[PDB]
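Undergrad: Residue numbers (the deposited numbering), protein chains in the order written: chain A, 446 to 494; chain C, 150 to 242; chain H, 2 to 119; chain L, 3 to 113.
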Amino acid sequence: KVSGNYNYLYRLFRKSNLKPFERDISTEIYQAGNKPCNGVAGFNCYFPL
Amino acid sequence: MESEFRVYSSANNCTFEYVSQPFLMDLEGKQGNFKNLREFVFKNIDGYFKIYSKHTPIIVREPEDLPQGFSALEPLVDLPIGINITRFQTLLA
Amino acid sequence: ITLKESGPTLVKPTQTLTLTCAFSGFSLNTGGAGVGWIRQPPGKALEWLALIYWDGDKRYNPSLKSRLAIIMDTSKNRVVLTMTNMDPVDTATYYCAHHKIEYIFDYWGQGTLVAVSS
Amino acid sequence: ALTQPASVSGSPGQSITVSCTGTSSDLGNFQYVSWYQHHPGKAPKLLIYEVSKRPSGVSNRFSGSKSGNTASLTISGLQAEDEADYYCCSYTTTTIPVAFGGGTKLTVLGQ
Ligand SMILES: *[C@@H]1O[C@H](CO)[C@@H](O)[C@H](O)[C@H]1NC(C)=O
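Here it is as structure tokens:
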């Protein structure tokens, strides 16, 4: 797309690695280790796709 | 009969359909003198699920007393979904 | 293939332009093709206005976002461009065209010219 | 950006060549640049897509080639109705994503 195609998404991180041929369809807010963070985004919390 | 057929309510689009000959049981049934032994092995490997099945027809013995007989299981279903599976469960009567 | 362009001849300085263009015959089962609108006045070269894909995405020229709207029929009949708060420098001719990405404008319509009544 | 000479002239029949160029920083690796022709009172038509690929319906006398930062087209065997408004259109990533020439007006000396 001439100004950018944003219809294709990719994943930057998970909780851990993944076994072969597996599908991680589930999407949720990801926190970093020990900080209590849920519901919305912010510090050490943003949408992984 | 088909008592409470509304255990599944919402559906979107069905893709694969297959009709086969029914599983071998006895005609009707009663309480006591249990005969059929259904046995399945459920396994998951490399993103592939698999169900192995075996069906022993006739048992005439005391209650409990699980036998020492030996039998293998044919490969029934090889299922390439590729997902995390956790909540497979049938319903009894 | 036929492309039909319709628009007003003279418009008021405070009016909004409603250009329409119809296309007959395309391979709609594709990705990246679409319908584009371009204009030029006499005495100055060409400059691009807008382009629409088949997924409903609208791409206008920058800093002209608010005064450009697109009606897409979803019936493969016609595409309407409605532009508000016109300027007498925009009195120009308008071409509706097909837009792939290699062919920047593959087939060109006849277009219509418009001028201000002021 | 993208620029070309405003007008060009020459003897009828042969000996003409029209070029475009632009700044390499604005130019996104210089792919998919096309050459069109505009007529007064007639709809413009496509002649050359992506430098040196020939579409259907055009003659073999039209040719195009690109060297370094400059692209160009040549035509041999000119005629009395071969005066044109040859435009180059290209992709520019930093500014407005499409750029459309600088204006050309070919004239002949047959009269
Ligand atoms: C997914 O796999 C985990 C094991 O990693 C398991 O505990 C869980 O029940 C599975 N299903 C869901 C829906 O999380």
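Yeah, the Cβ is synthetic: ideal placement off N, Cα and C, and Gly gets one too.
Flag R468 of chain A as yes if its beta-carbon sits less than 9 angstroms from any beta-carbon of chain C, otherwise no.
TA: So yes, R468 of chain A belongs to the interface.
Undergrad: Does DSSP put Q180 of chain C in a helix, in a strand, or in coil?
TA: Three-state DSSP puts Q180 of chain C in coil, outside helix and strand.
Undergrad: Nearest-angstrom Cα distance between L48 of chain L and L454 of chain A?
TA: Rounded to whole angstroms, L48 of chain L to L454 of chain A spans 35 angstroms at the Cα level.
Undergrad: Just the chain H side, please: which residues come within less than 9 angstroms of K47 of chain L by C-beta, in chain order?
TA: Here the neighbours are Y108 and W109.
Undergrad: Between the segment 35-52 of chain L and the segment 79-91 of chain L, can you find at least three pairs of beta-carbon atoms closer than 8 angstroms?
TA: Judged by Cβ distances under 8 angstroms, the segment 79-91 of chain L makes contact with the segment 35-52 of chain L, as three or more pairs qualify.
Undergrad: Taking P89 of chain H and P14 of chain H to be in contact with their CB atoms under 8 angstroms, please state how far apart those CB atoms are, rounded to whole angstroms.
TA: Yes, they are in contact, since the Cβ atoms of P89 of chain H and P14 of chain H sit about 7 angstroms apart, within 8 angstroms.
Undergrad: Just checking: is the beta-carbon of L69 of chain H within a distance shorter than 9 angstroms of some beta-carbon in chain A?
TA: So, not an interface residue.
Undergrad: Which residues, in chain order, sit with a beta-carbon under 7 angstroms away from any heavy atom of ligand 1?
TA: Result (chain order): C:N233 and C:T235.
Undergrad: Residues of the segment 46-78 of chain H in Cβ contact with chain L at a cutoff of 7 angstroms, in chain order, please.
TA: Here the close residues are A46, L47, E48, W49, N62 and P63.
Undergrad: Closest to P216 of chain C by C-alpha separation, out of C:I207, C:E223, C:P224 and C:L222, would be which residue?
TA: Considering only alpha carbons, the answer is C:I207.
Undergrad: State the DSSP-derived secondary structure class of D175 of chain C, mapped to helix, strand or coil.
TA: In this structure, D175 of chain C counts as coil in the three-state DSSP scheme.
Undergrad: In whole angstroms, give me the CA-to-CA distance for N71 of chain L and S65 of chain L.
TA: Taking the straight line from one Cα to the other gives about 18 angstroms.
Undergrad: Counting only the same chain and skipping the five closest in sequence on each side, list residues whose C-beta sits under 7 angstroms from that of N86 of chain H.
TA: Taken in chain order, the residues that qualify are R68.
Undergrad: Taking a contact to mean a Cβ-Cβ separation below 9 angstroms, would you say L75 of chain L touches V10 of chain L in this structure?
TA: Not in contact: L75 of chain L and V10 of chain L (Cβ atoms no closer than 9 angstroms).
Undergrad: Alpha carbon to alpha carbon, how far is residue 410 of chain A from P224 of chain C?
TA: No answer is possible for residue 410 of chain A: it lies beyond the span of chain A, which begins at 446 and ends at 494.
Undergrad: Measuring CB to CB, does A98 of chain H end up less than 9 angstroms from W38 of chain H?
TA: Going by C-beta atoms, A98 of chain H is nearer than 9 angstroms to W38 of chain H.
Undergrad: What residue does the beta strand (DSSP E) around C22 of chain L start on, and which one ends it?
TA: Start and end: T19 to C22.
Undergrad: Which residues of chain H have a Cβ atom closer than 9 angstroms to the Cβ of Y89 of chain L, listed in chain order?
TA: In chain order: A46 and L47.
Undergrad: Using a Cβ-Cβ cut-off of 9 angstroms, state whether residue 149 of chain C counts as contacting chain A.
TA: Missing from the structure shown is residue 149 of chain C; chain C here goes from 150 to 242 and no further.
Undergrad: Judging by CA-CA distance, which residue of L:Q6, L:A45, L:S92 and L:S13 is the nearest neighbour of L29 of chain L?
TA: Looking at the Cα atoms, L:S92 is the closest of the given residues.
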